[PDB]
Number of protein chains: 4
Amino acid sequence: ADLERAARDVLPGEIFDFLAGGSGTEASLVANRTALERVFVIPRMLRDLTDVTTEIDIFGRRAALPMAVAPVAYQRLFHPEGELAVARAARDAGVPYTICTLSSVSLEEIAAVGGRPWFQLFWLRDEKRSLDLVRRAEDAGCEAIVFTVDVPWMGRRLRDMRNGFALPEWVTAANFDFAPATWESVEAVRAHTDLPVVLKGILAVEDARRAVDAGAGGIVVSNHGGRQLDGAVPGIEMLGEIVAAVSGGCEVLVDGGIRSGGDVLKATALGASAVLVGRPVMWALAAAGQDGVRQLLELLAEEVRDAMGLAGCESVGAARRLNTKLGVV
Amino acid sequence: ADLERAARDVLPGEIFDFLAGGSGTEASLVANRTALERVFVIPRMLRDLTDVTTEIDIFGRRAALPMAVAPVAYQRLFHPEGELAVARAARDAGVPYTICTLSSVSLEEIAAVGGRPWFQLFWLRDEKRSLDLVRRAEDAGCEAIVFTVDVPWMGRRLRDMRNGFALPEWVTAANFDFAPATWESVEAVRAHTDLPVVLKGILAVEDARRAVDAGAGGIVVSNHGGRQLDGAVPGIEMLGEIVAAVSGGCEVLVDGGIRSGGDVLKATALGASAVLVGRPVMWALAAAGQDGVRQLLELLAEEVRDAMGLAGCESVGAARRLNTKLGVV
Amino acid sequence: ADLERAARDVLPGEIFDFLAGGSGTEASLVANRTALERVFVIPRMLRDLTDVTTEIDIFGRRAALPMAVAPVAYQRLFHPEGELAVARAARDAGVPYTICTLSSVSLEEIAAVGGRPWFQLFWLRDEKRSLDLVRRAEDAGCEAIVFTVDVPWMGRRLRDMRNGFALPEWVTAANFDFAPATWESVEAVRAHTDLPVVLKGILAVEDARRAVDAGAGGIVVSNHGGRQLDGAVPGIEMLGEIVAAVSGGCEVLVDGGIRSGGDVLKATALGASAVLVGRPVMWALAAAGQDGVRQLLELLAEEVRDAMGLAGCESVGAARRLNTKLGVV
Amino acid sequence: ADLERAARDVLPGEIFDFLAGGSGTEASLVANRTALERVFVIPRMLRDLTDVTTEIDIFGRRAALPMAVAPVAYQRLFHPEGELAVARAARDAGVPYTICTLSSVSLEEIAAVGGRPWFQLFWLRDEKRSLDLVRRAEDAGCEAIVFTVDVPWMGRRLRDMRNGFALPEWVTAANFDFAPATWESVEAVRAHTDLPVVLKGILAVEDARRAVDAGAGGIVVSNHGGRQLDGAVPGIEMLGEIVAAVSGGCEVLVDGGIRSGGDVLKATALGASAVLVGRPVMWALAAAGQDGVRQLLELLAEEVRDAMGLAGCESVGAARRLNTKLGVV
Ligand SMILES: Cc1cc2c(cc1C)N(C[C@H](O)[C@H](O)[C@H](O)COP(=O)(O)O)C1=NC(=O)NC(=O)[C@]1(O)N2
Ligand SMILES: Cc1cc2c(cc1C)N(C[C@H](O)[C@H](O)[C@H](O)COP(=O)(O)O)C1=NC(=O)NC(=O)[C@]1(O)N2
Ligand SMILES: Cc1cc2c(cc1C)N(C[C@H](O)[C@H](O)[C@H](O)COP(=O)(O)O)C1=NC(=O)NC(=O)[C@]1(O)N2
Ligand SMILES: Cc1cc2c(cc1C)N(C[C@H](O)[C@H](O)[C@H](O)COP(=O)(O)O)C1=NC(=O)NC(=O)[C@]1(O)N2
């Protein structure tokens with residue numbers, strides 16, 4: 001909110017495009033928003049709101065909101081403190097923060113910041129490098145492995161090709177000194193850790209069930225922000241069916257286009273356990289570093305609280321039982 | 001009609017925004033209109049129109065049209081005679097007028113004007129202050145208590161924050177010299193009055209049924225003009241289901257976006273007993289005081305009469321039995 | 001086609017608005033088009049087209065196309081020869097022409113032109129004046145009475161009020177030297193004539209059935225070009241249901257927005273026996289008098305023929321058995 | 001992609017319009033795109049992509065992609081090498097190329113280029129001329145006869161009439177030195193050749209079944225690029241039903257608006273065996289002759305491969321089992 005404006009007139013055009021971009025025609029980028037805007041909540045009235053709380057328990061810990069910071073690589077591209085700033089603010093808001101495999105600061109350093117860090121894994125050509133990285137994460141106190149499963153390789157970003165965009169020399173992959181994940185990769189991760197494994201990028205109902213059968217503690221119903229298959233269904237379009245198929249067997253998160261506490265409320269009403277928020281957290285980082293993320297998070301927290309109360313929900317659990325109605329435009 | 005133009009070039013920008021505004025992205029403001037525009041009426045032909053009447057009986061009294069003036073606070077913000085002017089015109093049109101808790105003239109004075117006044121209650125931190133206010137209303141001859149139940153607190157108006165909008169010093173809360181209502185608040189009102197209690201802001205079908213079981217004489221199916229939860233379903237989208245669930249157990253009114261006699265006809269065909277009209281009555285007040293409201297009301301009366309006759313309805317009851325068809329744009 | 005342009009830059013603005021206009025917000029004017037554009041035809045292939053014919057039998061006579069000229073009053077408003085010109089061209093195209101009650105040339109004169117004239121009746125305050133007018137029509141060789149039943153009175157034209165539009169002194173109601181029709185009016189017409197009675201302005205399925213039970217030979221499924229109830233469903237939206245309810249019991253025509261032979265084909269595929277065409281015939285009259293109508297009619301005839309052949313229909317009957325599919329925009 | 005721009009600023013306006021154009025209002029041209037954009041793919045995750053192949057077997061031969069070049073007449077209109085250039089590139093990409101009846105180079109010469117050529121037949125006034133042409137095709141090594149069945153005659157192109165467009169003198173019908181096909185024409189073709197007969201322009205489910213019963217080896221579900229009946233349903237809207245009715249009885253291809261490998265993936269997910277691509281291949285021919293077509297084909301090949309992998313399909317067969325979801329805009 002208001003932040004995107006402030007980040008546009010400050011980032012190089014090509015960095016902003018790397019941030020804002022989808023794959024191909026960006027059909028799935030836009031559909032993430034369209035899809036949300038079509039969802040109407042049916043609020044409830046006249047319930048006791050004496051103790052409205054936005055807290056949830058997830059993967060063992062309490063979170064202040066039903067939200068985590070989404071994994072986004074190379075946070076130094078947006079601000080010089082990069083991941084550390086986002087991490088500090090997330091910790092101080094009581095929101096999980098997801099450390100990327102391609103973080104521009106090492107994962108041990110990010111985790112040292114404390115709070116409730118998660119680690120996002122990309123499967124690499126070498127199975128041992130992947131599993132090491134999982135072990136580092138866990139040795140460092142990470143609370144979940146978010147296995148990104150919708151990147152057998154990177155989709156085609158048309159902005160980045162026509163930009164000629166490339167990592168400037170002062171941003172690197174601090175965890176280092178590119179292969180398709182299968183269900184066998186998932187099992188290897190699962191066998192190597194006692195942390196919950198959360199599969200990110202699930203859109204098919206049967207992949208959701210199979211995730212549960214494979215021992216995942218969670219999924220993220222996501223089309224990777226419209227960055228992977230162009231024409232992939234939005235996550236929010238599949239969430240409700242996926243929630244009903246998994247039948248409480250794992251946590252179900254959603255992301256893509258979450259831009260307000262109203263949108264969090266919509267996601268929750270469709271049955272999400274929590275949302276991830278990606279580009280907005282980068283807009284706030286770029287606009288004003290740590291303090292800027294802290295304010296995004298405060299604003300989101302007040303919007304969630306407000307939306308929940310107006311919908312007659314004293315708890316996220318109540319918000320999950322709200323009904324919705326699909327509407328026009 | 002034509003009036004909004006005339007009110008824009010006369011009100012301060014910030015007052016007009018206080019009037020026109022919704023919550024958040026104004027998703028629900030716009031959806032109130034969108035929703036109405038999608039409804040098509042299926043007219044009937046060749047019936048006897050020898051005695052077309054727009055009258056209805058509601059809460060004991062006869063009303064000239066299936067319409068009442070909606071509660072809108074601080075009517076002095078729009079014209080110096082404020083509530084008194086609107087009240088006089090409503091009385092002379094034979095339309096109920098709803099006195100607000102935050103009226104800029106006292107409720108006893110508004111009621112003295114005569115006609116068929118209703119009183120809109122906000123629940124206040126002190127249960128005794130609320131109930132006093134109910135007793136004043138009734139002692140003053142008000143015919144219904146319209147308990148507004150969709151304001152456990154005020155939604156977030158983005159226009160008003162970015163305006164910095166505030167009550168100028170020459171407009172005040174004349175009934176005085178802010179708490180969430182529950183079903184227990186409703187029962188306390190219901191126990192304290194023999195007037196019909198009308199719950200305003202019901203959108204869930206189960207809240208409608210429960211309203212009836214709680215002894216409400218009416219509900220208003222409403223998303224508070226898009227001013228409360230941003231993303232709340234429009235009232236008009238829920239009306240038909242709500243009418244069928246309550247099964248004649250209480251009157252069912254609707255509001256939000258009613259801009260013509262055709263729209264009243266649409267509302268009635270979806271099963272509403274009557275509509276409320278809010279912003280238009282303020283546009284006409286601001287454009288030309290009492291006389292201006294009188295003309296809005298005459299124009300609406302002729303539009304309802306015209307719409308009804310063209311649809312083959314000699315009575316509002318007939319108009320409620322019309323069928324509708326949802327259409328594109 | 002192309003003609004509307006040519007009529008705009010030739011008619012007074014107010015005459016063109018009288019022609020182009022709908023009621024209220026013109027919601028139903030526009031919806032007539034929208035509705036047609038959403039209908040897709042499912043063409044058939046590889047059938048024998050050796051003898052493609054656009055002819056139909058209706059109300060006793062053969063017509064060259066499944067089309068008639070719609071009743072439109074005061075044709076002298078558009079061209080000095082007015083009804084006579086349209087009538088001649090219709091006759092020479094083999095298309096029925098509907099003489100209006102408010103024709104700017106007498107009905108006997110219009111009928112003398114020959115061809116297959118129909119007469120459109122408005123019910124007047126005096127039952128005897130209406131029935132006389134029916135008798136004149138029949139004495140004059142008219143082949144059908146098109147009882148317009150959707151004008152208990154004229155809808156509210158906003159263009160005409162804000163224009164101040166009025167009949168110039170050189171155009172009059174040549175049949176003369178305003179009351180609601182009921183089913184009893186229909187029976188009186190039906191008893192007074194051996195001609196088929198065709199009810200025009202039927203939108204409800206039950207009014208269609210009742211028309212058949214009342215002995216109508218036809219109906220016209222029509223919202224009077226969006227000129228009567230603003231918010232009335234389009235005819236084309238109701239046609240298919242109406243066709244199935246009447247079950248061959250009377251002819252079912254449709255009008256509203258028919259602008260091409262493709263649209264005629266769409267109407268026929270939805271089950272219409274024929275269409276009426278209104279504003280386009282006036283555009284062609286105003287653009288170039290009789291010759292101009294003759295060319296509209298030739299162009300329409302070639303479009304129907306073309307559309308039919310491409311859809312694999314050798315006859316209108318075949319075109320009625322085509323399937324359709326509703327689509328987006 | 002990017003090519004259309006490059007072809008616009010190089011072709012005469014009237015040639016480009018002959019290329020880009022639909023029939024009538026171009027309702028069906030646009031609906032081909034609209035229809036595709038509404039289809040969302042539901043990708044699968046975590047499958048083995050170790051050997052992703054885009055190959056299919058069709059009509060006896062292996063093709064490199066599930067795609068063929070669509071028949072487009074008078075390719076010399078777009079580039080001086082015309083059909084020979086497109087043919088060479090198609091052959092080198094391993095894509096079938098469809099030789100037109102109205103090719104601007106003879107079919108024997110086009111076929112000599114080698115690769116996997118198909119021949120598109122128009123039925124001519126003389127049954128013997130048609131069958132000769134079939135025999136030439138087969139004598140020349142063509143692998144399929146694509147009988148175009150949606151041109152009993154050419155639809156009405158409004159661009160071409162208002163252009164006055166005509167074949168310049170340096171482009172001719174090199175196969176020569178105009179009649180409606182029936183099922184009897186199909187049987188005569190079928191009896192005269194041992195090649196698979198592929199009916200192109202099937203939109204009705206019953207025509208699809210009957211095609212199979214008539215011994216067709218394939219159909220192309222197509223509205224001829226919006227060039228034949230204006231208002232014809234898009235192919236992509238009918239594909240899924242047609243696939244299920246034919247029940248593997250013949251190959252089912254689709255065309256109309258295929259503009260990317262994502263669109264090929266959408267088509268395949270709806271059950272197509274392969275797509276045809278028309279106007280894009282001409283844009284690339286006009287932009288840069290053979291090399292330009294070679295690059296279109298390489299880009300398409302990488303897009304298909306990318307789309308497939310991101311959707312978790314190692315083979316076209318897998319892509320056919322993907323589910324889809326219809327979405328808004
Ligand atoms: C610039 C950038 C980079 C990545 C991602 C998103 C953006 C915007 N994303 C997608 C992100 O996690 C959310 O799915 C999406 O952004 C939510 O949508 P939203 O931004 O509208 O709130 C990533 N996902 C991974 O698993 N690993 C990564 O390195 C990551 O590829 N790189
Ligand atoms: C400026 C203003 C103030 C209020 C309201 C509406 C406007 C426009 N409203 C909503 C109103 O009653 C109708 O629900 C809505 O306006 C119909 O929609 P419409 O204006 O499109 O015809 C109120 N409702 C209450 O219960 N109490 C109030 O003090 C009130 O909050 N203040
Ligand atoms: C100017 C004018 C006047 C009339 C009508 C239409 C126009 C445009 N119409 C409606 C017409 O018959 C078709 O229903 C409609 O025009 C088809 O729609 P279309 O024009 O898009 O093709 C009439 N109907 C009657 O019964 N009697 C009349 O005097 C008439 O009121 N006057
Ligand atoms: C200029 C031109 C000429 C023809 C065709 C298409 C264009 C663009 N087409 C339609 C084409 O084969 C595809 O159906 C369509 O172009 C796919 O749509 P797409 O272009 O959006 O990819 C033909 N079809 C035939 O059978 N015979 C022909 O001579 C042909 O009439 N002439």
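Throughout, protein chains are lettered first and strands after them, A, B, ... in sequence-line order, and every chain is numbered starting at 1. Each ligand, and each atom within it, is numbered from 1 in the order the structure gives.
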Where is the nearest protein heavy atom to [atom]: which residue, which atom, and how far?
atom: atom 16 (O) of ligand 2; result: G278(B) CA, 4.1 Å
atom: atom 30 (C) of ligand 1; result: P71(A) O, 3.6 Å
atom: atom 20 (O) of ligand 3; result: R279(C) N, 2.8 Å
atom: atom 31 (O) of ligand 1; result: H224(A) NE2, 2.8 Å
atom: atom 21 (O) of ligand 1; result: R259(A) NH2, 2.7 Å

Worksheet entry | Short N-O contact, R279(A) and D255(A), less than 4.0 angstrom | no
Is the backbone of [Y] close enough, under 3.5 Å, to the side chain of [X] for a donor and an acceptor to pair up by distance?
X: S222(C); Y: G235(C); answer: no
X: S23(A); Y: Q228(A); answer: yes
X: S104(C); Y: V171(C); answer: no
X: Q120(B); Y: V146(B); answer: no

Where the closest heavy atom to [atom] is concerned, which of [options] has it?
atom: atom 15 (C) of ligand 2; options: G201(B), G225(B), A20(B); value: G225(B)
atom: atom 32 (N) of ligand 1; options: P280(A), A73(A), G21(A); value: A73(A)
atom: atom 8 (C) of ligand 1; options: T148(A), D255(A), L19(A); value: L19(A)
atom: atom 4 (C) of ligand 2; options: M282(B), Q75(B), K200(B), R227(B); value: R227(B)

Fill in: From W153(C), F178(C), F147(C), residue fulfilling ring-ring contact (aromatic ring centres under 6.0 Å, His included) relative to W123(C)
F147(C)
At a 4.0 Å threshold, what atoms of ligand 1 neighbour a non-hydrogen atom of [X]?
X: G256(A); value: 17 (C), 18 (O), 21 (O)
X: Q120(A); value: 26 (O), 27 (N)
X: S222(A); value: 14 (O)
X: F18(A); value: 1 (C)

Discussion item. Once you restrict to heavy atoms under 4.0 Å, what part of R33(C) touches ligand 3? Side chain, backbone, both or neither.
Written reply: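 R33(C) to ligand 3: no contact under 4.0 Å from either part.
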Practice prompt. Calculate, to the nearest 0.5 Å, the distance between atoms OH and CD1 belonging to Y97(C) and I99(C) respectively.
Written response: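 The distance works out to 7.0 Å.
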Worksheet item: Any luck finding a side-chain donor-acceptor pair between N175(B) and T101(B) under 3.5 Å?
Response: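 Side chains of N175(B) and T101(B): no pair found under 3.5 Å.
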Worksheet item: Against heavy atoms of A70(B), which atoms of ligand 2 measure under 4.0 Å?
Response: 12 (O)
Response to the item:
From the list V220(C), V149(C), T98(C), side chain to side chain contact (heavy atoms under 4.5 Å, CB included) with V198(C) holds only for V220(C)
Discussion item. Which heavy atom of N223(A) sits nearest to which heavy atom of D150(A), and what is that distance?
Written reply: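 Smallest interatomic distance, heavy atoms only, reads C-OD2, 4.2 Å.
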Discussion item. Taking salt bridge (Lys or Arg N to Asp or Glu O under 4.0 Å) as the criterion, tell me which of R227(B), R159(B), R33(B) meets it with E26(B).
Written reply: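 The salt bridge (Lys or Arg N to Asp or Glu O under 4.0 Å) with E26(B) is passed solely by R159(B) among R227(B), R159(B), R33(B).
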Practice prompt. Could you say whether the N/O atoms of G257(A) and ligand 1 ever approach to under 3.5 Å?
Written response: yes
Worksheet item: Non-hydrogen atoms of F122(A) versus ligand 1: any pair closer than 4.0 Å?
Response: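 Distance cut 4.0 Å: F122(A) passes for ligand 1.
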